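Asks: protein_24.cif is the file, holding mmCIF, N, CA and C atoms:
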data_upload
loop_
_atom_site.label_atom_id
_atom_site.label_comp_id
_atom_site.auth_asym_id
_atom_site.auth_seq_id
_atom_site.Cartn_x
_atom_site.Cartn_y
_atom_site.Cartn_z
N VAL A 3 0.82 -1.25 0.00
CA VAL A 3 0.00 0.00 0.00
C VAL A 3 0.85 1.30 0.00
N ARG A 4 2.18 1.21 0.16
CA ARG A 4 3.00 2.41 -0.10
C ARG A 4 3.06 2.64 -1.59
N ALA A 5 2.42 3.71 -2.07
CA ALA A 5 2.54 4.08 -3.48
C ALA A 5 3.98 4.48 -3.70
N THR A 6 4.57 4.04 -4.81
CA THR A 6 5.85 4.59 -5.25
C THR A 6 5.59 5.70 -6.27
N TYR A 7 6.23 6.84 -6.02
CA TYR A 7 6.23 7.98 -6.92
C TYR A 7 7.56 8.09 -7.62
N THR A 8 7.53 8.10 -8.94
CA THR A 8 8.75 8.31 -9.73
C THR A 8 8.65 9.65 -10.44
N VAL A 9 9.52 10.57 -10.06
CA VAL A 9 9.51 11.89 -10.65
C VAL A 9 10.31 11.79 -11.92
N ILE A 10 9.64 11.92 -13.09
CA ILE A 10 10.36 11.84 -14.39
C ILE A 10 11.04 13.16 -14.74
N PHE A 11 10.31 14.27 -14.65
CA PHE A 11 10.94 15.58 -14.54
C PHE A 11 10.06 16.58 -13.84
N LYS A 12 10.70 17.55 -13.18
CA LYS A 12 10.01 18.71 -12.65
C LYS A 12 10.05 19.87 -13.63
N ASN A 13 11.11 20.68 -13.56
CA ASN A 13 11.45 21.62 -14.63
C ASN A 13 12.40 20.92 -15.60
N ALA A 14 12.26 21.18 -16.89
CA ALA A 14 13.12 20.53 -17.87
C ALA A 14 13.99 21.58 -18.49
N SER A 15 15.28 21.22 -18.61
CA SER A 15 16.24 21.93 -19.45
C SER A 15 16.67 21.08 -20.67
N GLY A 16 16.26 19.82 -20.71
CA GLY A 16 16.61 18.90 -21.80
C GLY A 16 15.84 17.61 -21.51
N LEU A 17 16.18 16.54 -22.20
CA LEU A 17 15.44 15.29 -21.97
C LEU A 17 15.60 14.82 -20.54
N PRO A 18 14.58 14.18 -19.97
CA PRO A 18 14.73 13.76 -18.60
C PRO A 18 15.85 12.70 -18.49
N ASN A 19 16.48 12.65 -17.33
CA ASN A 19 17.55 11.70 -17.13
C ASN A 19 17.02 10.28 -16.98
N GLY A 20 17.71 9.37 -17.66
CA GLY A 20 17.25 8.01 -17.80
C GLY A 20 16.27 7.81 -18.94
N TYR A 21 16.04 8.86 -19.73
CA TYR A 21 15.10 8.83 -20.86
C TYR A 21 15.72 9.27 -22.17
N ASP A 22 15.19 8.68 -23.23
CA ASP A 22 15.43 9.17 -24.57
C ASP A 22 14.04 9.51 -25.15
N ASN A 23 13.99 10.27 -26.25
CA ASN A 23 12.77 10.51 -27.05
C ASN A 23 12.82 9.71 -28.35
N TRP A 24 11.94 8.74 -28.47
CA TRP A 24 11.78 7.87 -29.61
C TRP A 24 10.56 8.24 -30.40
N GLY A 25 10.12 9.48 -30.28
CA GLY A 25 8.95 9.93 -31.03
C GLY A 25 9.34 10.33 -32.44
N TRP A 26 8.46 11.08 -33.08
CA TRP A 26 8.69 11.53 -34.46
C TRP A 26 7.94 12.84 -34.71
N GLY A 27 8.43 13.62 -35.66
CA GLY A 27 7.66 14.75 -36.20
C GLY A 27 7.57 15.99 -35.33
N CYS A 28 8.51 16.14 -34.42
CA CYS A 28 8.50 17.20 -33.44
C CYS A 28 9.86 17.78 -33.29
N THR A 29 9.84 19.02 -32.85
CA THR A 29 11.00 19.79 -32.44
C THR A 29 10.77 20.06 -30.96
N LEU A 30 11.84 20.07 -30.20
CA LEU A 30 11.72 20.17 -28.76
C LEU A 30 12.62 21.28 -28.35
N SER A 31 12.10 22.17 -27.54
CA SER A 31 12.91 23.16 -26.86
C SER A 31 12.42 23.25 -25.42
N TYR A 32 13.10 24.10 -24.66
CA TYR A 32 13.00 24.13 -23.21
C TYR A 32 13.11 25.59 -22.76
N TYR A 33 12.01 26.13 -22.27
CA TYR A 33 12.03 27.45 -21.62
C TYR A 33 11.06 27.40 -20.47
N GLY A 34 11.38 28.13 -19.39
CA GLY A 34 10.49 28.24 -18.24
C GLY A 34 10.38 26.95 -17.46
N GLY A 35 11.36 26.07 -17.67
CA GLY A 35 11.27 24.72 -17.14
C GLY A 35 10.28 23.81 -17.84
N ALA A 36 9.67 24.28 -18.93
CA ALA A 36 8.80 23.45 -19.71
C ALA A 36 9.54 22.70 -20.81
N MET A 37 9.13 21.45 -21.03
CA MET A 37 9.37 20.76 -22.30
C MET A 37 8.35 21.29 -23.32
N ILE A 38 8.86 21.94 -24.35
CA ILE A 38 7.99 22.54 -25.34
C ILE A 38 8.12 21.71 -26.64
N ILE A 39 7.03 21.04 -27.00
CA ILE A 39 6.96 20.18 -28.17
C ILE A 39 6.34 20.97 -29.29
N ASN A 40 7.03 21.06 -30.43
CA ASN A 40 6.45 21.67 -31.61
C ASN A 40 6.33 20.64 -32.71
N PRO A 41 5.14 20.06 -32.85
CA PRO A 41 4.87 19.08 -33.88
C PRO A 41 4.92 19.72 -35.29
N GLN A 42 5.52 19.01 -36.24
CA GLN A 42 5.38 19.33 -37.66
C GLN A 42 4.01 18.97 -38.14
N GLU A 43 3.40 19.98 -38.72
CA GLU A 43 2.12 19.93 -39.41
C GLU A 43 2.13 18.80 -40.45
N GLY A 44 1.14 17.92 -40.31
CA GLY A 44 0.97 16.78 -41.18
C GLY A 44 1.53 15.48 -40.62
N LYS A 45 2.40 15.56 -39.60
CA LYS A 45 3.11 14.36 -39.11
C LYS A 45 2.34 13.62 -37.99
N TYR A 46 1.33 14.23 -37.37
CA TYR A 46 0.77 13.73 -36.08
C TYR A 46 1.93 13.37 -35.13
N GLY A 47 2.82 14.35 -35.01
CA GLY A 47 4.04 14.26 -34.24
C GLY A 47 3.79 13.85 -32.80
N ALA A 48 4.77 13.14 -32.23
CA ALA A 48 4.67 12.69 -30.88
C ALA A 48 6.02 12.74 -30.23
N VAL A 49 6.01 13.01 -28.94
CA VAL A 49 7.15 12.73 -28.11
C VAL A 49 6.85 11.37 -27.50
N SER A 50 7.85 10.49 -27.56
CA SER A 50 7.80 9.21 -26.87
C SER A 50 8.96 9.12 -25.90
N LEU A 51 8.65 9.42 -24.62
CA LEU A 51 9.62 9.39 -23.54
C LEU A 51 9.85 7.96 -23.08
N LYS A 52 11.02 7.44 -23.47
CA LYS A 52 11.34 6.03 -23.45
C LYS A 52 12.46 5.77 -22.45
N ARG A 53 12.19 4.89 -21.47
CA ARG A 53 13.12 4.60 -20.37
C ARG A 53 14.31 3.90 -20.90
N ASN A 54 15.49 4.27 -20.40
CA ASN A 54 16.76 3.61 -20.79
C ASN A 54 16.77 2.15 -20.35
N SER A 55 16.14 1.87 -19.20
CA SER A 55 15.99 0.52 -18.69
C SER A 55 14.79 0.51 -17.80
N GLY A 56 14.14 -0.65 -17.69
CA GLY A 56 13.02 -0.78 -16.78
C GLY A 56 11.70 -0.39 -17.40
N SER A 57 10.66 -0.51 -16.58
CA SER A 57 9.29 -0.35 -16.98
C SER A 57 8.48 0.08 -15.77
N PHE A 58 7.32 0.68 -16.02
CA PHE A 58 6.33 0.97 -15.01
C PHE A 58 5.24 0.00 -15.23
N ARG A 59 4.33 -0.11 -14.27
CA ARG A 59 3.16 -0.97 -14.39
C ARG A 59 1.95 -0.28 -13.82
N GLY A 60 0.86 -0.26 -14.58
CA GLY A 60 -0.37 0.39 -14.14
C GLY A 60 -0.06 1.71 -13.47
N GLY A 61 -0.80 2.01 -12.41
CA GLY A 61 -0.58 3.22 -11.66
C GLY A 61 -1.27 4.41 -12.29
N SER A 62 -0.74 5.60 -11.99
CA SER A 62 -1.23 6.87 -12.55
C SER A 62 -0.09 7.73 -13.12
N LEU A 63 -0.46 8.61 -14.03
CA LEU A 63 0.47 9.57 -14.66
C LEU A 63 -0.06 10.93 -14.28
N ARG A 64 0.80 11.67 -13.58
CA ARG A 64 0.59 13.06 -13.20
C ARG A 64 1.52 13.97 -13.99
N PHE A 65 1.03 15.13 -14.41
CA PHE A 65 1.78 16.11 -15.20
C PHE A 65 0.96 17.41 -15.38
N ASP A 66 1.66 18.53 -15.51
CA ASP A 66 1.04 19.79 -15.95
C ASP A 66 1.15 19.92 -17.46
N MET A 67 0.09 20.41 -18.07
CA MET A 67 0.11 20.69 -19.50
C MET A 67 -0.64 21.97 -19.91
N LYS A 68 -0.04 22.74 -20.80
CA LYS A 68 -0.78 23.67 -21.64
C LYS A 68 -0.61 23.26 -23.12
N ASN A 69 -1.67 23.43 -23.90
CA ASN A 69 -1.70 22.93 -25.27
C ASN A 69 -2.71 23.66 -26.16
N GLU A 70 -2.23 24.14 -27.30
CA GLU A 70 -3.03 24.82 -28.32
C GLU A 70 -3.89 23.86 -29.13
N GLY A 71 -3.77 22.55 -28.89
CA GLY A 71 -4.51 21.56 -29.67
C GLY A 71 -4.91 20.40 -28.81
N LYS A 72 -5.66 19.46 -29.39
CA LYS A 72 -5.95 18.21 -28.67
C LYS A 72 -4.68 17.33 -28.55
N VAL A 73 -4.49 16.71 -27.38
CA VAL A 73 -3.28 15.94 -27.09
C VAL A 73 -3.68 14.53 -26.67
N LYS A 74 -3.17 13.54 -27.40
CA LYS A 74 -3.28 12.18 -26.99
C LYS A 74 -2.12 11.78 -26.04
N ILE A 75 -2.48 11.08 -24.97
CA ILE A 75 -1.56 10.51 -24.03
C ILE A 75 -1.65 9.00 -24.27
N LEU A 76 -0.51 8.35 -24.50
CA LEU A 76 -0.39 6.90 -24.60
C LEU A 76 0.76 6.39 -23.75
N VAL A 77 0.79 5.07 -23.61
CA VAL A 77 1.94 4.34 -23.06
C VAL A 77 2.20 3.12 -23.94
N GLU A 78 3.44 2.64 -23.90
CA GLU A 78 3.87 1.58 -24.76
C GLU A 78 4.78 0.58 -24.08
N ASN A 79 4.60 -0.68 -24.44
CA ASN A 79 5.57 -1.72 -24.18
C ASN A 79 6.30 -1.88 -25.50
N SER A 80 7.60 -1.59 -25.53
CA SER A 80 8.31 -1.58 -26.81
C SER A 80 8.78 -2.99 -27.24
N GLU A 81 8.91 -3.92 -26.29
CA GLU A 81 9.10 -5.34 -26.62
C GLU A 81 7.88 -5.96 -27.28
N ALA A 82 6.71 -5.76 -26.71
CA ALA A 82 5.48 -6.31 -27.29
C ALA A 82 5.00 -5.53 -28.50
N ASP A 83 5.78 -4.51 -28.88
CA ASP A 83 5.35 -3.46 -29.80
C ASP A 83 3.88 -3.08 -29.63
N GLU A 84 3.49 -2.87 -28.38
CA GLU A 84 2.10 -2.62 -27.99
C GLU A 84 1.90 -1.18 -27.47
N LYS A 85 0.99 -0.44 -28.09
CA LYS A 85 0.63 0.91 -27.65
C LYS A 85 -0.70 0.86 -26.93
N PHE A 86 -0.95 1.89 -26.12
CA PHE A 86 -2.17 1.98 -25.32
C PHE A 86 -2.57 3.42 -25.02
N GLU A 87 -3.78 3.82 -25.42
CA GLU A 87 -4.25 5.20 -25.20
C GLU A 87 -4.71 5.35 -23.77
N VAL A 88 -4.28 6.42 -23.12
CA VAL A 88 -4.64 6.69 -21.72
C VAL A 88 -5.74 7.74 -21.64
N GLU A 89 -5.74 8.70 -22.55
CA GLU A 89 -6.66 9.82 -22.50
C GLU A 89 -6.34 10.72 -23.67
N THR A 90 -7.29 11.56 -24.06
CA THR A 90 -7.09 12.65 -25.00
C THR A 90 -7.44 13.94 -24.25
N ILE A 91 -6.78 15.06 -24.56
CA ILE A 91 -6.93 16.28 -23.76
C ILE A 91 -7.19 17.55 -24.61
N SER A 92 -8.20 18.32 -24.19
CA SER A 92 -8.68 19.53 -24.91
C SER A 92 -7.69 20.66 -24.80
N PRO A 93 -7.66 21.51 -25.81
CA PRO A 93 -6.86 22.72 -25.72
C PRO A 93 -7.05 23.43 -24.36
N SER A 94 -5.94 23.92 -23.81
CA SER A 94 -5.94 24.77 -22.63
C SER A 94 -4.80 25.81 -22.75
N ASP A 95 -5.15 27.07 -22.50
CA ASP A 95 -4.20 28.20 -22.61
C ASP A 95 -3.35 28.30 -21.39
N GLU A 96 -3.78 27.65 -20.33
CA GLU A 96 -3.04 27.66 -19.09
C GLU A 96 -2.73 26.21 -18.69
N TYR A 97 -1.74 26.04 -17.84
CA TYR A 97 -1.38 24.73 -17.33
C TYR A 97 -2.45 24.16 -16.46
N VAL A 98 -2.84 22.92 -16.73
CA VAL A 98 -3.77 22.18 -15.92
C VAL A 98 -2.98 20.98 -15.48
N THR A 99 -3.19 20.55 -14.23
CA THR A 99 -2.59 19.35 -13.72
C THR A 99 -3.52 18.22 -14.05
N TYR A 100 -2.96 17.08 -14.45
CA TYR A 100 -3.75 15.90 -14.81
C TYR A 100 -3.14 14.72 -14.09
N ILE A 101 -3.99 13.89 -13.53
CA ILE A 101 -3.59 12.67 -12.83
C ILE A 101 -4.60 11.69 -13.38
N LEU A 102 -4.06 10.70 -14.11
CA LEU A 102 -4.82 9.82 -14.99
C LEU A 102 -4.39 8.42 -14.67
N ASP A 103 -5.35 7.49 -14.67
CA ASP A 103 -5.01 6.08 -14.45
C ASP A 103 -4.51 5.42 -15.75
N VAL A 104 -3.67 4.41 -15.59
CA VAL A 104 -3.14 3.70 -16.74
C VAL A 104 -3.61 2.27 -16.59
N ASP A 105 -4.70 1.93 -17.30
CA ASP A 105 -5.31 0.58 -17.23
C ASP A 105 -4.64 -0.42 -18.16
N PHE A 106 -3.47 -0.05 -18.69
CA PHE A 106 -2.72 -0.92 -19.59
C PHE A 106 -2.32 -2.20 -18.84
N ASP A 107 -2.43 -3.28 -19.59
CA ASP A 107 -2.44 -4.65 -19.11
C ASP A 107 -1.03 -5.22 -19.13
N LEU A 108 -0.08 -4.45 -19.67
CA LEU A 108 1.34 -4.83 -19.63
C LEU A 108 2.16 -3.69 -18.98
N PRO A 109 3.38 -3.98 -18.53
CA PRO A 109 4.30 -2.90 -18.22
C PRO A 109 4.50 -1.99 -19.43
N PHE A 110 4.89 -0.75 -19.13
CA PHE A 110 5.19 0.25 -20.17
C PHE A 110 6.49 0.96 -19.86
N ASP A 111 7.35 0.99 -20.87
CA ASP A 111 8.63 1.68 -20.80
C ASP A 111 8.68 3.03 -21.57
N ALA A 112 7.60 3.39 -22.27
CA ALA A 112 7.52 4.68 -22.99
C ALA A 112 6.18 5.33 -22.71
N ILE A 113 6.23 6.64 -22.56
CA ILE A 113 5.09 7.52 -22.29
C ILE A 113 5.03 8.56 -23.42
N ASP A 114 3.89 8.57 -24.14
CA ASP A 114 3.76 9.40 -25.35
C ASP A 114 2.80 10.56 -25.18
N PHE A 115 3.16 11.66 -25.82
CA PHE A 115 2.34 12.88 -25.93
C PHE A 115 2.26 13.21 -27.43
N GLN A 116 1.07 13.08 -28.01
CA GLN A 116 0.89 13.21 -29.46
C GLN A 116 -0.09 14.32 -29.94
N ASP A 117 0.40 15.09 -30.92
CA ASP A 117 -0.39 16.05 -31.69
C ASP A 117 -1.54 15.34 -32.46
N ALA A 118 -2.63 15.04 -31.74
CA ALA A 118 -3.79 14.32 -32.26
C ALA A 118 -4.41 14.89 -33.59
N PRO A 119 -4.66 16.20 -33.69
CA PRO A 119 -5.10 16.79 -34.99
C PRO A 119 -4.03 16.80 -36.13
N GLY A 120 -2.76 16.65 -35.80
CA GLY A 120 -1.73 16.67 -36.83
C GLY A 120 -1.51 18.05 -37.41
N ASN A 121 -2.13 19.06 -36.77
CA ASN A 121 -2.09 20.45 -37.23
C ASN A 121 -0.86 21.25 -36.79
N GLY A 122 -0.01 20.65 -35.95
CA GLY A 122 1.30 21.25 -35.60
C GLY A 122 1.24 22.13 -34.36
N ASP A 123 0.15 22.00 -33.61
CA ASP A 123 -0.05 22.72 -32.36
C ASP A 123 0.97 22.35 -31.25
N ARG A 124 1.53 23.39 -30.59
CA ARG A 124 2.44 23.22 -29.47
C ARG A 124 1.86 22.64 -28.17
N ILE A 125 2.76 21.95 -27.45
CA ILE A 125 2.47 21.29 -26.17
C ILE A 125 3.59 21.65 -25.19
N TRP A 126 3.18 22.02 -23.99
CA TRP A 126 4.03 22.37 -22.88
C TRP A 126 3.77 21.37 -21.74
N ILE A 127 4.83 20.73 -21.26
CA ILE A 127 4.72 19.77 -20.15
C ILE A 127 5.71 20.08 -19.03
N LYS A 128 5.25 19.88 -17.81
CA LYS A 128 6.09 19.99 -16.64
C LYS A 128 5.63 18.98 -15.61
N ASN A 129 6.52 18.61 -14.71
CA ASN A 129 6.13 17.90 -13.50
C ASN A 129 5.47 16.58 -13.82
N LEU A 130 6.15 15.78 -14.61
CA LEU A 130 5.66 14.51 -15.00
C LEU A 130 6.10 13.57 -13.92
N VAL A 131 5.13 12.85 -13.35
CA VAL A 131 5.35 11.89 -12.25
C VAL A 131 4.46 10.66 -12.48
N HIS A 132 5.02 9.47 -12.25
CA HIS A 132 4.25 8.24 -12.14
C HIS A 132 4.07 7.75 -10.67
N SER A 133 2.86 7.28 -10.37
CA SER A 133 2.57 6.56 -9.15
C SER A 133 2.17 5.12 -9.53
N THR A 134 2.69 4.14 -8.80
CA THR A 134 2.15 2.75 -8.83
C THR A 134 0.67 2.64 -8.38
N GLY A 135 0.18 3.66 -7.68
CA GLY A 135 -1.19 3.71 -7.22
C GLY A 135 -2.19 4.39 -8.12
N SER A 136 -3.41 4.56 -7.61
CA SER A 136 -4.51 5.12 -8.36
C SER A 136 -4.34 6.62 -8.48
N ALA A 137 -5.08 7.20 -9.43
CA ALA A 137 -5.21 8.64 -9.60
C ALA A 137 -5.93 9.34 -8.43
N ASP A 138 -6.93 8.67 -7.87
CA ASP A 138 -7.75 9.22 -6.75
C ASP A 138 -6.96 9.17 -5.45
N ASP A 139 -6.14 8.13 -5.32
CA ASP A 139 -5.18 7.99 -4.24
C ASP A 139 -3.87 8.79 -4.42
N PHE A 140 -3.76 9.59 -5.48
CA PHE A 140 -2.55 10.37 -5.74
C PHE A 140 -2.35 11.49 -4.70
N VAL A 141 -1.23 11.40 -3.99
CA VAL A 141 -0.76 12.45 -3.10
C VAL A 141 0.49 13.09 -3.72
N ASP A 142 0.26 14.23 -4.37
CA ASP A 142 1.24 14.86 -5.21
C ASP A 142 2.47 15.36 -4.45
N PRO A 143 3.64 14.76 -4.74
CA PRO A 143 4.90 15.20 -4.12
C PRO A 143 5.34 16.60 -4.55
N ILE A 144 4.88 17.05 -5.71
CA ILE A 144 5.23 18.37 -6.24
C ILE A 144 4.50 19.55 -5.53
N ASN A 145 3.18 19.53 -5.44
CA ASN A 145 2.46 20.56 -4.65
C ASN A 145 2.99 20.58 -3.20
N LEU A 146 3.27 19.39 -2.65
CA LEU A 146 3.71 19.26 -1.26
C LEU A 146 5.00 20.04 -0.90
#
What is this file in structure tokens?
Replies:
Amino acid sequence: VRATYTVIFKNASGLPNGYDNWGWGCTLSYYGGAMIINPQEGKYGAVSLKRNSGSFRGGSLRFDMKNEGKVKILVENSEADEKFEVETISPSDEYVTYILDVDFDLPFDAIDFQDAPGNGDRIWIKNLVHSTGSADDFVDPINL
């Protein structure tokens, strides 16, 4: 019953440590401690934050986001070549915190953020954290 919290990044100046980006169709920059994703129009660009080793299982994904477009959140097992949609998210001009459950039936070593319309709309992310526990049971280490 002790939830484990894994802080993937708080403020970003570059890719999170222990991670690579295996996505496509995006340019990435970093200001204000945000990971700023700029998808190429037509590509349905995605960032795929892929663990150097290891996997998560179920749990919840917490993160702040602002986004000029709809954003798909997925997770992937890259051995099973299996993807899984977690949620889609409406445009927001300001950062909203999201804590979402991951009902994926396998471990996942990659966490994706995708330009769902393919229109090239920017995405800002901060404070990405995984919990082995539920979203409702999430006690945020970052606000704390």
Asks: Residues of stretch 41-110 of chain A that approach stretch 121-139 of chain A to 7 Å or less, counting all atoms listed in the file: could you list each one with the shortest pair of atoms and its distance in Å to one decimal, rows by chain and increasing residue number, as CSV?
Replies:
residue,atom,partner,partner_atom,distance
A:41,C,A:122,CA,3.9
A:42,C,A:122,CA,4.4
A:43,N,A:122,CA,4.0
A:44,N,A:121,N,5.0
A:45,N,A:121,N,6.4
A:46,N,A:121,N,6.0
A:47,N,A:122,N,7.0
A:59,C,A:134,CA,5.8
A:60,C,A:134,C,5.2
A:61,CA,A:134,C,3.6
A:62,N,A:133,C,3.8
A:63,CA,A:131,C,4.7
A:64,C,A:131,N,3.8
A:65,CA,A:129,C,4.0
A:66,N,A:128,C,4.0
A:67,CA,A:126,C,4.3
A:68,C,A:126,N,4.1
A:69,CA,A:125,CA,4.6
A:70,N,A:124,C,4.4
A:71,N,A:123,CA,5.1
A:101,C,A:137,CA,4.9
A:102,N,A:137,CA,5.1
A:103,CA,A:137,N,5.1
A:104,N,A:137,N,6.9
Asks: Around the point (-4.9, 11.4, -31.7), in the coordinates given by the file, pick out the residues reaching within 6.5 Å, counting only N, CA and C atoms, and return them as JSON, numbers by chain.
Replies: {"A": [73, 74, 116, 117, 118, 119]}
Asks: Work out how far atom CA of residue A:48 is from atom CA of residue A:25, in Å to one decimal.
Replies: 5.1 Å
Asks: Please expand the PyMOL selection byres ((chain A and resi 114) around 7) into the concrete residues it hits in this file, giving the result as a VMD selection string.
Replies: chain A and resid 48 to 51 74 to 78 112 to 113 115 to 116
Asks: Between A:14, A:141, A:5, A:146, which one has atoms that come closest to residue A:33, using only C-alpha atoms?
Replies: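 Between A:14, A:141, A:5, A:146, the residue approaching residue A:33 most closely is A:14.
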Asks: Please measure the separation of atom CA of residue A:23 and atom CA of residue A:52, giving the value in Å to one decimal.
Replies: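 Between these atoms lies a distance of 5.9 Å.
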Asks: What does the structure give for the distance between atom N of residue A:13 and atom C of residue A:36, in Å to one decimal?
Replies: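 Going from atom N of residue A:13 over to atom C of residue A:36 covers 7.7 Å.
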Asks: Would you mind telling me which residue in A:79, A:31, A:92, A:40 lies nearest to residue A:57 when using only C-alpha atoms?
Replies: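 Under the stated criterion, the closest residue is A:79.
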Asks: Got a sec to resolve the PyMOL selection byres ((chain A and resi 20) around 6) on this structure and send the residues as a PDB file with N, CA and C atoms, in the coordinates of the input?
Replies:
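The resulting file, part-v3.pdb, is reproduced below:
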ATOM      1  N   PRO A  18      14.580  14.180 -19.970  1.00  0.00           N
ATOM      2  CA  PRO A  18      14.730  13.760 -18.600  1.00  0.00           C
ATOM      3  C   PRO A  18      15.850  12.700 -18.490  1.00  0.00           C
ATOM      4  N   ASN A  19      16.480  12.650 -17.330  1.00  0.00           N
ATOM      5  CA  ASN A  19      17.550  11.700 -17.130  1.00  0.00           C
ATOM      6  C   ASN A  19      17.020  10.280 -16.980  1.00  0.00           C
ATOM      7  N   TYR A  21      16.040   8.860 -19.730  1.00  0.00           N
ATOM      8  CA  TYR A  21      15.100   8.830 -20.860  1.00  0.00           C
ATOM      9  C   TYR A  21      15.720   9.270 -22.170  1.00  0.00           C
ATOM     10  N   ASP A  22      15.190   8.680 -23.230  1.00  0.00           N
ATOM     11  CA  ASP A  22      15.430   9.170 -24.570  1.00  0.00           C
ATOM     12  C   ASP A  22      14.040   9.510 -25.150  1.00  0.00           C
ATOM     13  N   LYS A  52      11.020   7.440 -23.470  1.00  0.00           N
ATOM     14  CA  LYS A  52      11.340   6.030 -23.450  1.00  0.00           C
ATOM     15  C   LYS A  52      12.460   5.770 -22.450  1.00  0.00           C
ATOM     16  N   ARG A  53      12.190   4.890 -21.470  1.00  0.00           N
ATOM     17  CA  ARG A  53      13.120   4.600 -20.370  1.00  0.00           C
ATOM     18  C   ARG A  53      14.310   3.900 -20.900  1.00  0.00           C
ATOM     19  N   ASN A  54      15.490   4.270 -20.400  1.00  0.00           N
ATOM     20  CA  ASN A  54      16.760   3.610 -20.790  1.00  0.00           C
ATOM     21  C   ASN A  54      16.770   2.150 -20.350  1.00  0.00           C
ATOM     22  N   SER A  55      16.140   1.870 -19.200  1.00  0.00           N
ATOM     23  CA  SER A  55      15.990   0.520 -18.690  1.00  0.00           C
ATOM     24  C   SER A  55      14.790   0.510 -17.800  1.00  0.00           C
TER      25      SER A  55
END
